[PDB]
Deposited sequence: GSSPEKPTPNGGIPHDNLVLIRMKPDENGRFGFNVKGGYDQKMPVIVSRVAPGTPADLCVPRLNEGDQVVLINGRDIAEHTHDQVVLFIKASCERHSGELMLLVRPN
């Protein structure tokens, strides 16, 4: 992914949550995909909105192509004061 990308910025909630699920990485033979988006959460109310099926390319400006699922999760957990995501819509 490099042609039609979307840059998303979201501030975490009171509990330090964004309201979205991730699947894949380097340890999993599948890219990082946003599997689920919870309603009324930062991921659901941000502009542009983070949608289900979006392929994650960057997390806070870092390339996560060679990173495992656990590392990807911990990188998102280190942006809590906003989370930056570069995704490919699907």
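Unmodelled regions of the deposited chain sequence (numbering from residue 1, in sequence order): 1 to 13, 94 to 97.
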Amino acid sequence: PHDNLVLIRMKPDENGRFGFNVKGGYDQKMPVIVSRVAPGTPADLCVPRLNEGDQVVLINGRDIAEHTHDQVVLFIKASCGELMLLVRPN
From here on, numbers count along this sequence of modelled residues.
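So that the term is clear: the rigid core is the largest set of C-alpha atoms that superpose within 1.5 Å between two forms.
After superposing on the rigid core, the larger RMS C-alpha deviation in 5 other deposited structures of this protein belongs to 71 to 79, the other candidate being whichever of 71 to 79 and 17 to 25 remains.
Stretches 66 to 74 and 21 to 29 differ in mean CA B factor, with 21 to 29 having the higher one. In this PDB entry, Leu86 carries a Cα temperature factor that places it within the lowest third of its chain's modelled residues.
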